[PDB]
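Chains as they are written, first to last, in the authors' numbering: chain B, 1 to 109; chain A, 2 to 109.
Backbone N, C-alpha and C fix where the C-beta goes; we use that ideal spot for every residue, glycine too.
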Ligand SMILES: [Cl-]
Ligand SMILES: [Zn+2]
Ligand SMILES: [Zn+2]
């Protein structure tokens with residue numbers, strides 16, 4: 001139902017808003033069923049995999065947040081440093097009070 | 002309870018969503034569904050809920066899952082704008098609900 005064309009548009013808009021440099025900007029997105037993960041990234045395949053099973057629950061704004069969180073790890077590394085938090089709060093201002101709980105709950109065991 | 006509480010939550014969500022029109026036709030089945038949470042057969046008015054994750058669902062999580070499925074009876078199989086708005090009105094926190102549920106199920 002949720003086509004790869006809107007998904008690719010959301011990814012491209014989030015990369016642009018985050019001003020990801022040339023190599024960090026070379027990322028694909030693909031729909032694949034996952035194992036209790038909203039999203040994951042294959043750093044070698046240079047692909048963000050969004051879970052096919054939970055994709056019907058996701059609004060465009062929810063996808064944008066999930067992709068921004070993942071994309072910001074490409075830019076800043078594996079930790080939620082101050083610059084990570086600031087950039088995510090700039091893209092999502094009305095999420096100040098829930099931001100850290102959400103990003104912490106997006107990491108696997 | 003457990004199966005009784007699910008039936009109570011289904012009946013309360015149908016009423017809340019104003020889908021009282023042929024509530025008796027709305028059925029729910031517990032079946033193992035791999036890594037899916039739920040599905041709905043619109044032609045048979047049957048909701049399928051994953052047996053594997055059902056023990057770990059809170060009343061609020063069940064309510065959200067069932068409301069999502071029941072909204073397909075009202076708007077059709079596509080998540081049109083009205084679907085999204087209604088679900089966001091009932092669950093202003095639906096983004097956190099889903100993220101905390103997936104995290105909980107992964108840990109479990
Ligand atoms: Cl089925
Ligand atoms: Zn749906
Ligand atoms: Zn993170």
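Rounded to whole angstroms, residue 13 of chain B and residue 45 of chain A show a C-alpha spacing of 40 Å. In its chain, beyond the 5 residues on either side, 47 and 49 have a beta carbon closer than 7 Å to the beta carbon of residue 30 of chain B.
Residue 32 of chain A is outside the set of residues whose beta carbon lies under 8 Å from a beta carbon in chain B. Of the heavy atoms belonging to ligand 3, at least one sits nearer than 7 Å to the Cβ of residue 106 of chain B.
Selection B:97, B:87, B:56 and B:77 evaluated against residue 99 of chain A yields B:56 as nearest (Cα-Cα). In this structure, residue 69 of chain A has its beta carbon at no less than 7 Å from each heavy atom of ligand 3. Across the segment 37-63 of chain A, CB contacts with chain B closer than 8 Å involve 37 and 38, in sequence order along the chain. Going by C-alpha positions, residue 26 of chain A is about 29 Å away from residue 93 of chain A. Per the coordinates, the alpha-carbon of residue 5 of chain B lies some 45 Å from the alpha-carbon of residue 2 of chain A. Nearest to residue 105 of chain B by C-alpha distance, out of B:80, B:32, B:53 and B:7, is B:80. Within chain B, no C-beta atom comes nearer than 8 Å to that of residue 76 of chain A; the closest sits roughly 12 Å away. The C-beta of residue 71 of chain B has 16 or more other C-beta atoms within 10 Å across all chains shown, which makes the residue buried. For the C-beta of residue 5 of chain B, not a single chain A residue is nearer than 9 Å; the gap to the nearest is close to 15 Å. Closest by C-alpha distance to residue 63 of chain B, out of B:19, B:84, B:82 and B:39, is B:39.
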